[PDB]
file work37.txt (compact mmCIF, C-alpha atoms)
# COMPACT_ATOMS: atom_id res chain seq x y z
CA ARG A 112 219.28 318.28 90.11
CA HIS A 113 215.76 319.67 89.83
CA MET A 114 217.01 323.25 90.13
CA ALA A 115 219.47 322.69 87.29
CA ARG A 116 216.74 321.17 85.13
CA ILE A 117 214.55 324.23 85.73
CA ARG A 118 217.33 326.65 84.82
CA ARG A 119 218.10 324.80 81.59
CA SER A 120 214.43 324.65 80.65
CA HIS A 121 214.06 328.42 81.01
CA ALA A 122 217.25 329.04 79.04
CA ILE A 123 216.01 326.90 76.14
CA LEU A 124 212.72 328.79 76.04
CA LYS A 125 214.49 332.13 75.83
CA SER A 126 216.49 331.04 72.78
CA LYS A 127 213.42 329.60 71.08
CA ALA A 128 211.51 332.83 71.66
CA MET A 129 214.37 334.89 70.24
CA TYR A 130 214.50 332.68 67.15
CA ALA A 131 210.74 332.96 66.63
CA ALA A 132 211.06 336.74 66.26
CA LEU A 133 213.03 336.66 63.01
CA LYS A 134 210.30 334.74 61.20
CA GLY A 135 207.98 337.62 62.14
CA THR A 136 205.80 335.85 64.72
CA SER A 137 205.49 336.01 68.48
CA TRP A 138 206.18 332.90 70.56
CA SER A 139 203.16 331.67 72.54
CA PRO A 140 202.92 327.95 71.77
CA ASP A 141 199.91 327.10 73.95
CA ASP A 142 198.00 330.40 74.04
CA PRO A 143 195.97 331.99 71.20
CA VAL A 144 195.63 335.21 73.21
CA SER A 145 199.08 336.59 72.35
CA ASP A 146 199.69 334.88 68.99
CA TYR A 147 200.64 337.88 66.89
CA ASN A 148 201.73 337.91 63.25
CA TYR A 149 203.89 340.99 62.81
CA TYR A 150 203.55 341.22 59.03
CA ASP A 151 199.81 341.47 59.63
CA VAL A 152 200.05 343.70 62.71
CA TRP A 153 202.15 346.40 61.08
CA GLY A 154 200.62 345.90 57.64
CA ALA A 155 203.65 344.76 55.64
CA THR A 156 204.68 341.80 53.49
CA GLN A 157 207.58 339.39 53.12
CA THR A 158 209.92 339.66 50.14
CA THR A 159 211.73 336.56 48.91
CA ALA A 160 215.17 336.63 47.28
CA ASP A 161 215.04 333.03 46.12
CA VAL A 162 218.42 331.72 44.92
CA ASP A 163 218.97 328.88 42.45
CA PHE A 164 222.21 326.92 42.76
CA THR A 165 221.48 324.47 39.92
CA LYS A 166 222.76 326.85 37.22
CA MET B 1 285.44 275.32 58.14
CA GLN B 2 286.15 272.34 55.89
CA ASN B 3 284.77 271.60 52.43
CA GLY B 4 284.23 267.87 52.15
CA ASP B 5 287.06 266.10 53.94
CA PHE B 6 290.32 267.24 52.32
CA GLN B 7 289.50 270.88 51.47
CA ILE B 8 289.11 274.08 53.48
CA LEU B 9 286.84 277.12 53.23
CA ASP B 10 286.41 280.79 54.07
CA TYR B 11 283.70 281.58 56.63
CA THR B 12 281.93 284.93 56.26
CA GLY B 13 279.63 285.06 59.30
CA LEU B 14 275.88 284.94 59.79
CA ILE B 15 272.92 286.96 58.48
CA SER B 16 269.71 287.46 60.46
CA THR B 17 266.34 289.04 59.75
CA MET B 18 263.23 289.79 61.81
CA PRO B 19 259.70 290.81 60.77
CA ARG B 20 258.04 294.17 61.29
CA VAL B 21 255.88 295.14 64.26
CA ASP B 22 253.80 298.31 64.35
CA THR B 23 253.39 300.43 67.49
CA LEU B 24 251.36 303.44 66.30
CA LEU B 25 248.51 303.17 68.80
CA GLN B 26 250.73 302.49 71.82
CA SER B 27 252.56 305.73 71.03
CA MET B 28 249.30 307.71 71.29
CA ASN B 29 248.60 306.81 74.95
CA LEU B 30 244.94 306.54 73.98
CA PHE B 31 243.99 303.91 76.59
CA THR B 32 243.85 303.79 80.39
CA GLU B 33 244.76 300.64 82.31
CA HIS B 34 243.02 299.40 85.46
CA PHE B 35 244.00 296.36 87.54
CA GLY B 36 241.11 294.60 89.26
CA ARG B 37 240.68 291.42 91.28
CA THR B 38 238.03 289.35 89.46
CA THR B 39 236.78 288.66 85.95
CA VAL B 40 233.68 290.90 86.19
CA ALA B 41 233.37 294.67 85.72
CA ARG B 42 230.47 297.06 86.30
CA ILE B 43 229.77 300.47 84.72
CA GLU B 44 227.00 302.97 85.50
CA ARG B 45 225.64 305.71 83.24
CA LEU B 46 223.40 308.72 83.91
CA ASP B 47 221.41 310.83 81.44
CA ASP B 48 219.87 314.28 81.90
CA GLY B 49 218.15 316.89 79.78
CA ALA B 50 215.60 319.68 79.68
CA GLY B 51 212.05 320.31 78.56
CA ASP B 52 209.54 322.73 77.07
CA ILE B 53 207.69 325.53 78.86
CA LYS B 54 204.29 326.30 77.36
CA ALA B 55 202.32 329.50 77.88
CA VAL B 56 199.80 329.63 80.73
call {"tool": "encode", "arguments": {"input": "work37.txt", "output": "structure tokens"}}
result
Amino acid sequence: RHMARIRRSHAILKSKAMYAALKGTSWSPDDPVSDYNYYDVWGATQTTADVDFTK
Amino acid sequence: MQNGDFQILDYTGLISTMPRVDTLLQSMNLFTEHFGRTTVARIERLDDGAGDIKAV
């Protein structure tokens, strides 16, 4: 039972880390050392194609 | 038959009717039947999950 819990806990973390990449940030929830912001690191910006459904 | 006392009749049989009964659910075999011995039943349930893994 404990082994299965450990496996599932690692699997969840992998998916969360992969998701965190798209938003342009590294995943290090409890550590400021490796908390990178890629837009800042590479010197870029985020463009927004906001869509309005009300019209 | 006999109408009154001095007259006769023609007899045409009987008519019968019954109400409806629905059997939709029984046709779906959705339930399972168990036969016990006493009027008390016990059920046990188990839950499991996962957790977070923070950086170290």
call {"tool": "interface_residues", "arguments": {"input": "work37.txt", "of": "chain A", "to": "chain B", "cutoff": "10 Å", "atoms": "only C-alpha atoms", "output": "VMD selection string"}}
result
chain A and resid 112 115 to 125 127 138 to 145
call {"tool": "atom_distance", "arguments": {"input": "work37.txt", "atom1": "CA of residue 31 in chain B", "atom2": "CA of residue 46 in chain B"}}
result
22.4 Å
call {"tool": "closest_residue", "arguments": {"input": "work37.txt", "among": "A:113, A:165, A:132, A:160", "to": "residue 146 in chain A", "atoms": "all atoms listed in the file"}}
result
A:132
call {"tool": "atom_distance", "arguments": {"input": "work37.txt", "atom1": "CA of residue 2 in chain B", "atom2": "CA of residue 14 in chain B"}}
result
16.7 Å
call {"tool": "residues_around", "arguments": {"input": "work37.txt", "residues": "residue 12 in chain B", "least_positions_apart": "3", "cutoff": "12 Å", "atoms": "only C-alpha atoms", "output": "ChimeraX atom specification"}}
result
/B:1,9,15
call {"tool": "atom_distance", "arguments": {"input": "work37.txt", "atom1": "CA of residue 134 in chain A", "atom2": "CA of residue 163 in chain A"}}
result
21.5 Å
call {"tool": "axis_aligned_box", "arguments": {"input": "work37.txt", "around": "range 1-20 of chain B", "padding_each_side": "6 Å", "output": "JSON"}}
result
{"center_x": 274.2, "center_y": 280.1, "center_z": 56.6, "size_x": 44.3, "size_y": 40.1, "size_z": 22.3}
call {"tool": "build_atoms", "arguments": {"input": "work37.txt", "residues": "range 22-33 of chain B", "atoms": "N, CA and C atoms", "output": "mmCIF file, keeping the file's coordinate frame"}}
result
data_model
loop_
_atom_site.group_PDB
_atom_site.id
_atom_site.type_symbol
_atom_site.label_atom_id
_atom_site.label_comp_id
_atom_site.auth_asym_id
_atom_site.auth_seq_id
_atom_site.Cartn_x
_atom_site.Cartn_y
_atom_site.Cartn_z
ATOM 1 N N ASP B 22 254.261 296.931 64.301
ATOM 2 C CA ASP B 22 253.800 298.310 64.350
ATOM 3 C C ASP B 22 253.398 298.684 65.771
ATOM 4 N N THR B 23 253.690 299.929 66.151
ATOM 5 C CA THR B 23 253.390 300.430 67.490
ATOM 6 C C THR B 23 252.728 301.802 67.457
ATOM 7 N N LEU B 24 251.943 302.108 66.424
ATOM 8 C CA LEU B 24 251.360 303.440 66.300
ATOM 9 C C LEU B 24 250.449 303.760 67.477
ATOM 10 N N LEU B 25 249.491 302.874 67.760
ATOM 11 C CA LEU B 25 248.510 303.170 68.800
ATOM 12 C C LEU B 25 249.160 303.310 70.168
ATOM 13 N N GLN B 26 250.091 302.417 70.507
ATOM 14 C CA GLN B 26 250.730 302.490 71.820
ATOM 15 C C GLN B 26 251.425 303.823 72.019
ATOM 16 N N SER B 27 251.904 304.433 70.935
ATOM 17 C CA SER B 27 252.560 305.730 71.030
ATOM 18 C C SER B 27 251.593 306.871 71.286
ATOM 19 N N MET B 28 250.291 306.654 71.108
ATOM 20 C CA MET B 28 249.300 307.710 71.290
ATOM 21 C C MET B 28 248.753 307.784 72.706
ATOM 22 N N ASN B 29 249.078 306.818 73.568
ATOM 23 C CA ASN B 29 248.600 306.810 74.950
ATOM 24 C C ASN B 29 247.088 306.999 75.011
ATOM 25 N N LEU B 30 246.370 306.317 74.119
ATOM 26 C CA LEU B 30 244.940 306.540 73.980
ATOM 27 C C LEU B 30 244.114 305.762 74.999
ATOM 28 N N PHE B 31 244.713 304.804 75.701
ATOM 29 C CA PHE B 31 243.990 303.910 76.590
ATOM 30 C C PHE B 31 244.457 304.086 78.028
ATOM 31 N N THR B 32 243.566 303.760 78.962
ATOM 32 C CA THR B 32 243.850 303.790 80.390
ATOM 33 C C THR B 32 243.707 302.393 80.970
ATOM 34 N N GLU B 33 244.670 301.997 81.799
ATOM 35 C CA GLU B 33 244.760 300.640 82.310
ATOM 36 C C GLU B 33 244.329 300.595 83.769
#
